[PDB]
Structure formats: C-alpha cells, structure tokens
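Peer 1: Pasting a structure here, questions to come.
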Amino acid sequence: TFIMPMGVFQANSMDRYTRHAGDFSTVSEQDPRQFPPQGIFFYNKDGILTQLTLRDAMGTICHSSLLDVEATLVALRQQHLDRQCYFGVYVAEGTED
Amino acid sequence: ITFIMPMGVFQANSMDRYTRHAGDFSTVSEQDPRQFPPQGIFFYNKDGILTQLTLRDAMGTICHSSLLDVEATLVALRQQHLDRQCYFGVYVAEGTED
Amino acid sequence: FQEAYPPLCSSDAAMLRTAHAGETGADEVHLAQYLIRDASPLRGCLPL
Amino acid sequence: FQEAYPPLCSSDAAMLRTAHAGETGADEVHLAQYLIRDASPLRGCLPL
Amino acid sequence: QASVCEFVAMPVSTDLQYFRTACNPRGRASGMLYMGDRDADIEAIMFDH
Amino acid sequence: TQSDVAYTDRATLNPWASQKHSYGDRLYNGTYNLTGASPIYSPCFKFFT
C-alpha cells in the first residue's frame with residue numbers, strides 16, 4: 001500500500017505559506033493564483049503521461065443499493081440513543097381554532 | 001529530566017524593525033490578520049511529519065478550587081509589622097448630615 | 001503492516017515537469033495548488 | 001542546581017517547511033510570530 | 001497489467017500533517033497485534049464501545 | 001469506438017490524422033498511394049502505412 005488523495009479544496013484559511021516570489025503571478029494586473037486541485041495528468045512507463053483526471057464522473061460516489069435499510073440499523077433497533085422528545089415535534093391537522 | 005514551555009512569546013525592548021529579502025504577507029490590500037500576534041502551540045511527533053495544537057482545551061482545568069485561598073498561606077506568614085504603608089484611604093461611611 | 005505513505009510528487013503549470021532531472025527546486029507551499037514529496041522505497045528512483 | 005537544554009523551532013512555521021531536512025532556518029525570524037530554536041544534543045540524525 | 005482503486009471521500013480543511021501523517025486508508029485501529037487485556041468479546045472494538 | 005492503445009486516456013490525440021480516412025491518413029498512407037509520383041522521401045510514411 002501507498003494511498004492517493006484526489007478531491008478537495010480545503011476551505012482553509014490557516015497556513016498561508018510559501019516558496020516563490022514576484023518573479024511570478026500570471027500576465028496582467030490582479031493576483032489570483034488560487035487553484036486547488038481537479039484530477040491528474042500522470043505518466044506511464046517510458047516517456048508518456050496519461051490522465052487520472054476524472055472525466056467520466058464515473059467512479060464512486062452517489063450510488064443507490066444502500067437502497068437497503070433493514071440490516072445495518074440491525075445495528076439500530078437493539079441498543080440505545082439519548083431521548084429526543086415529544087413536544088419536540090409539531091406540524092399537522094386542525095382542531096377548529 | 002524536566003523542561004519548561006511556551007504559547008507565542010513577545011519581546012519587549014523596541015529595537016527590531018528590520019528586513020532582508022521580500023514582498024510580504026500582504027495582498028493588493030492592507031490589514032487583515034498580518035501585523036498581528038503569532039500562532040500558538042502545535043507539534044511534530046514520532047518519525048518525520050509535523051502536528052497541530054491550535055485552539056481547544058483548558059476546561060477540565062482551572063474552574064479550580066485552591067485559588068480563592070484565604071486561610072493558611074497568609075497564615076504561614078502572620079506576625080510582623082507591615083512595611084511602610086497606610087491608608088491611602090480605605091475606610092467608608094453613610095451620608096454626611098450636610 | 002497495515003498502511004501507506006505519500007510521495008515526491010509533481011505536476012502543476014506552476015509545478016509540472018522535469019527540466020532538471022535529479023532533485024529540483026524546492027518550494028513548500030504557496031496558497032492552494034499543491035505538490036507532494038516522498039515517504040517510501042526510494043530516495044532515488046525515477047531518472048529522466 | 002539551575003539551568004537548561006533545547007531544539008530548533010518556528011512559530012509562524014509559515015517559517016517551517018520548504019524543501020530541505022539538514023541546516024535550513026536560522027535567522028531568527030520571518031514576520032510576526034515566534035521562531036524558537038535549537039540547543040539540546042543531537043544534530044542531524046534520522047532524516048525527517 | 002492489472003490494477004484496482006479504493007477511494008473514500010477525503011477532507012477539505014482541518015488537516016495536512018495526516019496528508020503529512022500516512023497510512024492505509026482505513027484510519028484508526030482495528031488490526032491484530034498487541035493482544036491480551038481481554039479477549040472473547042469479538043464484537044465491540046471495530047463493531048461497538 | 002475503442003482504445004488509444006498508447007495513451008489510454010483518450011481515443012487519439014488529434015482526430016484529424018488517426019481515423020480510417022482522415023486528412024492525415026488520406027495524405028500520407030502508402031496504401032492509397034497519393035504521393036506516388038513525388039520523388040521526395042516522406043519521413044512520416046513509415047508511421048502511417
């Protein structure tokens with residue numbers, strides 16, 4: 001195992017830091033070089049890159065057949081919560097008021 | 001052994017407005033968090049790759065009891081004659097029938 | 001042994017290629033586009 | 001009796017990491033923060 | 001030859017010193033090594049607490 | 001409809017000189033023999049035939 005992360009942009013705003021200068025921004029006036037990361041130009045054996053940018057959406061996330069809610073909460077009808085409660089709960093049908 | 005340790009410390013003697021190689025923690029504009037206090041405490045544990053200690057705990061901690069403290073400490077230094085000092089003013093009163 | 005560490009990595013418009021071939025220039029952050037450096041088998045494999 | 005040992009620091013270690021592991025940060029300081037350092041025993045073992 | 005990927009949706013902003021500390025995905029202990037301080041409850045270390 | 005066998009990320013870098021009857025193939029492939037009468041050696045003839 002080595003294990004490769006690929007998606008976020010940190011919503012920092014903590015650790016600004018740096019190594020290079022004023023040699024640099026892009027061409028004109030205002031200074032946004034603030035790209036975080038999208039998917040991946042990567043090499044191969046002997047000369048050649050290929051790209052794990054992503055471009056079929058198409059690995060995992062959303063998936064459905066956790067269309068499946070009787071067994072795990074077969075670790076949620078035999079152990080026990082903390083009570084939340086009973087005027088804790090109200091929007092319904094009338095009483096001639 | 002023991003050592004001691006820290007949170008951000010400050011200098012006093014106003015003698016350090018110098019510079020060596022630079023365009024600084026500064027943008028197109030002026031003064032959000034940079035002329036300001038450092039950060040704090042973090043660390044760097046076993047074998048090569050450093051660690052945080054930013055903002056979370058001293059509350060199991062100094063709601064503490066032995067600080068309001070008055071029996072035995074002052075007790076252990078009772079009996080002298082207290083060094084040159086009188087009122088400046090401390091007594092009190094109730095009107096002045098005037 | 002149950003784990004996996006992160007690499008001597010590279011490739012931005014700001015940080016992709018070899019021009020240099022060995023161990024290059026050496027930034028270690030700037031804002032929010034990254035690179036990554038080694039933690040495993042070889043302090044010295046990949047020469048182009 | 002009375003006196004003291006230490007290692008090498010940086011607090012905005014936004015004076016800590018760019019690419020070396022050796023002899024890197026020694027001029028005490030970068031903007032407004034606190035950049036402690038280094039004088040208990042072992043210099044240069046065990047790369048980072 | 002062949003290869004196969006195991007991603008699990010990792011984090012925007014508290015930490016890049018565990019992106020600095022490194023590892024197996026899985027994340028905090030289940031495993032096998034140090035044993036003994038009591039054994040047979042094979043249900044409650046990575047299945048309870 | 002299938003792979004670029006070299007750089008398996010896309011079908012082909014340029015879609016103008018890689019299909020069955022694209023411009024590049026109609027211009028240099030030896031089977032069609034478009035440049036037969038030209039006495040000048042074509043350096044990319046071996047890459048297309």
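We label chains A, B, ... in the order they appear in the structure tokens, count residues from 1 in each chain, and number ligands from 1 in the order shown.
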Report, to one decimal in Å, the C-alpha RMSD of chain C against chain D after an in-order least-squares superposition over all those atoms.
Peer 2: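 The C-alpha RMSD comes to 2.8 Å.
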Peer 1: With chain B as the partner and 8 Å as the cut-off, tabulate the residues of chain E that qualify, each row holding the nearest pair of atoms and their distance in Å to one decimal, using only C-alpha atoms, sorted by chain and rising number, as a tab-separated table.
Peer 2:
```
residue	atom	partner	partner_atom	distance
E:17	CA	B:50	CA	5.6
E:20	CA	B:49	CA	5.0
E:21	CA	B:49	CA	5.8
```
Peer 1: Find the residues of chain E that sit at most 8 Å from chain A; for each, write down the nearest two atoms and how far apart they are in Å, to one decimal. Count only C-alpha atoms. Sort by chain, then by number going up, and give it as a Markdown table.
Peer 2:
```
| residue | atom | partner | partner_atom | distance |
| --- | --- | --- | --- | --- |
| E:7 | CA | A:60 | CA | 7.7 |
| E:9 | CA | A:7 | CA | 7.5 |
| E:10 | CA | A:5 | CA | 6.9 |
| E:11 | CA | A:8 | CA | 6.3 |
| E:12 | CA | A:10 | CA | 3.6 |
| E:13 | CA | A:10 | CA | 4.3 |
| E:14 | CA | A:12 | CA | 7.6 |
| E:23 | CA | A:3 | CA | 7.1 |
| E:24 | CA | A:1 | CA | 6.7 |
| E:25 | CA | A:3 | CA | 6.8 |
```
Peer 1: Please run DSSP on the backbone and report, as JSON, numbers by chain, all residues within chain B that come out as strand (DSSP E).
Peer 2: {"B": [42, 43, 51, 52]}
Peer 1: Take the residues from that selection and write them out as a short mmCIF file (atom, residue, chain, number, x, y, z; two decimals), in the first residue's frame, keeping N, CA, C and O atoms.
Peer 2:
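Below is the file that was written, selection23.cif:
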```
data_model
loop_
_atom_site.label_atom_id
_atom_site.label_comp_id
_atom_site.auth_asym_id
_atom_site.auth_seq_id
_atom_site.Cartn_x
_atom_site.Cartn_y
_atom_site.Cartn_z
N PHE B 42 1.47 23.61 18.61
CA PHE B 42 1.31 22.51 17.61
C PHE B 42 2.32 21.41 17.99
O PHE B 42 2.89 21.48 19.08
N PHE B 43 2.55 20.36 17.17
CA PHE B 43 3.90 19.74 17.27
C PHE B 43 4.32 18.93 16.05
O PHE B 43 3.94 19.21 14.92
N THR B 51 2.79 18.24 13.53
CA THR B 51 1.41 18.14 14.12
C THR B 51 0.84 19.45 14.69
O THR B 51 1.57 20.23 15.29
N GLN B 52 -0.49 19.58 14.71
CA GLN B 52 -1.21 20.78 15.15
C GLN B 52 -1.24 20.84 16.68
O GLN B 52 -0.80 19.89 17.31
#
```
Peer 1: Would you work out the distance separating atom CA of residue 45 of chain F from atom CA of residue 14 of chain F, expressed in Å to one decimal?
Peer 2: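 Atom CA of residue 14 of chain F lies at a distance of 17.4 Å from atom CA of residue 45 of chain F.
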Peer 1: What is the distance between atom CA of residue 11 of chain C and atom CA of residue 42 of chain A, in Å to one decimal?
Peer 2: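 Spanning atom CA of residue 11 of chain C to atom CA of residue 42 of chain A is a straight-line distance of 8.3 Å.
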Peer 1: Counting only C-alpha atoms, which of B:35, B:14, B:26, B:80 gets nearest to chain D?
Peer 2: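 Of B:35, B:14, B:26, B:80, the one nearest chain D is B:35, counting only C-alpha atoms.
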Peer 1: Please determine the contact residues of chain C with respect to chain A at a cut-off of 7 Å, counting only C-alpha atoms, and supply them as an MDAnalysis selection string.
Peer 2: chainID C and resid 3:6 27:33
Peer 1: Atom CA of residue 7 of chain C and atom CA of residue 36 of chain C are how many Å apart?
Peer 2: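 One can read the atom CA of residue 7 of chain C to atom CA of residue 36 of chain C distance as 5.8 Å.
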Peer 1: Please list as a VMD selection string every residue within 10 Å of residue 24 of chain F, counting only C-alpha atoms and excluding residues in the same chain fewer than 5 positions away.
Peer 2: chain F and resid 14 to 19 29 48
Peer 1: What's the 9 Å shell around residue 21 of chain D, counting only C-alpha atoms, without same-chain residues fewer than 3 positions away, as a ChimeraX atom specification?
Peer 2: /D:18,24,44,47-48
Peer 1: Could those residues be written to a file, using N, CA, C and O atoms, as a CSV table (one decimal), in the first residue's frame?
Peer 2:
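Contents of the output file again-v1.csv:
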```csv
chain,number,residue,atom,x,y,z
D,18,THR,N,10.0,24.5,3.8
D,18,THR,CA,10.3,24.3,2.4
D,18,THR,C,11.4,23.2,2.3
D,18,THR,O,11.9,22.7,3.3
D,24,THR,N,18.5,24.6,7.5
D,24,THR,CA,17.5,25.5,6.9
D,24,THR,C,17.1,26.8,7.5
D,24,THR,O,17.1,27.8,6.8
D,44,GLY,N,21.9,15.9,13.6
D,44,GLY,CA,21.4,15.7,12.3
D,44,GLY,C,21.1,14.3,11.9
D,44,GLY,O,21.5,13.8,10.8
D,47,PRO,N,16.8,11.3,9.1
D,47,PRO,CA,16.2,12.3,8.2
D,47,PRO,C,14.7,12.4,8.4
D,47,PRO,O,14.0,11.4,8.8
D,48,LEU,N,14.1,13.6,8.3
D,48,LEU,CA,12.7,13.9,8.6
D,48,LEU,C,11.7,12.8,8.2
D,48,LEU,O,11.0,13.0,7.2
```
Peer 1: Could you write out as a ChimeraX atom specification the residues of chain D within 8 Å of chain C, counting only C-alpha atoms?
Peer 2: /D:17-20
